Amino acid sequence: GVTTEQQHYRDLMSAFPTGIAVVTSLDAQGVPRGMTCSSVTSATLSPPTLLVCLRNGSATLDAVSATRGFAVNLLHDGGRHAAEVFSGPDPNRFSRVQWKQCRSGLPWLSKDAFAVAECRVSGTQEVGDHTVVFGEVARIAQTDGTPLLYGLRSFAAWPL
């Protein structure tokens, strides 16, 4: 029954660095929604499926649920400003980055991302106040780029 304290858990997870995505979708009104997301994780190749973990009540999760699809925009190492915009309190985040619609309508961050994966929601699992969203990847557009990172409470860039 023993359970670690929340702060010790944050200190642990802060020491597992990751890339950074902006996960996007459309709300029921057709308005683009999205957030900075470091919980992008590969699940399986058969068929290609990733997952993300989104806060319950977030605008992005609501949009993902309404559209049943989402785009994962992997940020290159020039993308820190986008990652800040998409994790902070600013209104109208899509007015502050360049973006375009995918053929599906999903928002693509065309200047700040080096890759965009369009996903269909294939399932969800609530865990506490979050939801794990499974995304079956439908289409990928990918260019050369050096990934942005986040870890130990800082932004960095892939070093190689």
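Numbering starts at 1 and follows the sequence shown.
A.B. asks: Using only the Cα atoms and their B-factors as the entry lists them, report which of 99 to 107 and 49 to 57 averages higher.
C.D. replies: That would be 99 to 107.
A.B. asks: Between 140 to 148 and 16 to 24, which has the higher average C-alpha B-factor in the PDB entry?
C.D. replies: Result: 140 to 148.
A.B. asks: Going by the deposited entry, which of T131, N92, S38, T67 has the highest CA temperature factor?
C.D. replies: The listed residue with the largest C-alpha B-factor is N92.
A.B. asks: Please rank the C-alpha B-factors of the chain's modelled residues and tell me whether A117 sits in the lowest, middle or highest third.
C.D. replies: For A117, the deposited C-alpha B-factor lands in the middle third.
A.B. asks: Would the CA B-factor of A43 place it in the lowest, middle or highest third of its chain?
C.D. replies: As the PDB entry reports it, the C-alpha B-factor of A43 lands in the highest third of its chain.
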